[PDB]
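First up is the structure itself, then whatever we jot down about it.
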Amino acid sequence: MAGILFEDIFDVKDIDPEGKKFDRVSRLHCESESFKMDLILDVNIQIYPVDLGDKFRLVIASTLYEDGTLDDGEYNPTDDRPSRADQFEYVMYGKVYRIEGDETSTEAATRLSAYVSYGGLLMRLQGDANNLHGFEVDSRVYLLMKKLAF
């Protein structure tokens, strides 16, 4: 599907270039703006201007597109051409790996965690169970990004 249902802004908190397999890929640490998520990535950083980080908008508005809402014959246009992956700076598939969220024993971890591998990139995430919007192993594998829009 492309059936919504989540979008949020971030601010980079730290950058961690440990393992330069490619100079343009680094670990990052981020915090979301509209809500309360705590995030780690290992991701292409050439999207950012230089060293410093910047504010993103991650989206798990589902993408679609294994099938034929676009492979029908469109997806050639103004989704690209003068537009780009810029209306959606990046977009990819992956695998979520996760328990019930809890690993405390009894506090029933008030933030559901998530771990994601996506196109060879990685994330490590925490947020409230409803708020993370990814109870399933198969929801936030649908993954999309852009700059902030302000």
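According to our numbering, the stretch in the sequence shown is residues 480 to 629, in order. We put the CB at the ideal spot given by N, CA and C, even for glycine.
Is DSSP giving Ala588 helix, strand or coil here?
As a first step, residue 588 must be located in the sequence shown, where it is residue number 109. Three-state result, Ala588: coil.
Is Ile524 buried or exposed, if buried means 16 or more other CB atoms sit within 10 Å of its CB?
Residue mapping note: residue 524 aligns to position 45 of the sequence shown, counting from 1. It is buried - the Cβ of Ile524 has at least 16 other Cβ atoms within 10 Å.
Where does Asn609 sit, in a helix, a strand or coil, going by DSSP?
By one-based count along the sequence shown, residue 609 stands at place 130. The answer is helix: DSSP assigns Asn609 an H, G or I state.
Residues near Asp490 by beta carbon distance below 8 Å, same chain, minus five either side:
Reading the sequence shown from its first residue, position 11 is the one you call residue 490. Same-chain partners within the cutoff: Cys509, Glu510, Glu512, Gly532 and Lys534.
From the DSSP output, read off the bridge partner residues of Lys574.
The residue given as residue 574 occupies position 95 in the sequence shown. Its beta-bridge partners are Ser596.
Evaluate the contact criterion for the segment 538-546 versus the segment 595-604: three or more CB pairs, one atom per stretch, below 8 Å.
no
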